[PDB]
C-alpha cells in the first residue's frame, strides 16, 4: 500500500465574461459552472455595496478573457485592498466556492470570497468606456445608486 494522500490544489478554471452592453460581467468557469456576482448593473453593485456570489450553468455566451488587463500591479493592489470587513457575501448555491477556487488553504471563507469578489468587481468596473467626470456625467452615474 502507497502512503495516504489528500490533494490540496484548486480546480482548473478560466476568467470569462458576459457582454452586458456597457460593461463586461466577469466570472470564474469551474467545469460546467460559473461563479460570479449576482448583478445586472456593476455600478449599482459598487455604489450600494450589495455583492452576493451566485453560481450559474456555463453557456456558449461566456467569452474566455484572453487579452488580460489583470497584471502583476493590478492584482497586487487588489490583494492588499481587502481587510476583514468587505461588501462580498455568498448565496445558497456557492457552498463549495472556497474549495473549488482555493483548494485546501489557510484563507478563511470570508477572506477567500473577498479576494475573488474584488477581482471580479474591479475587472467589470474597468471594462467601461472612459468619459470626463463633470456635473453631467456624475448625475447619470448617480442614477445607478438610487434608481429602482
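Numbering follows the first chain given and starts at 1.
Averaged over their C-alpha atoms, the temperature factors of 31-39 and 66-74 are higher for 66-74. Mean CA temperature factor is higher for 89-97 when stretches 109-117 and 89-97 are set side by side in the entry.
When the C-alpha B-factors of 13, 135, 16, 125 are read from the PDB record, the largest value belongs to 135. Among the modelled residues of its chain, residue 83 has a C-alpha B-factor that falls in the highest third, as given in the PDB entry. Among the modelled residues of its chain, residue 56 has a C-alpha B-factor that falls in the lowest third, as given in the PDB entry.
Remark: residue 139 belongs to the highest third of its chain, ranked by C-alpha B-factor as recorded.
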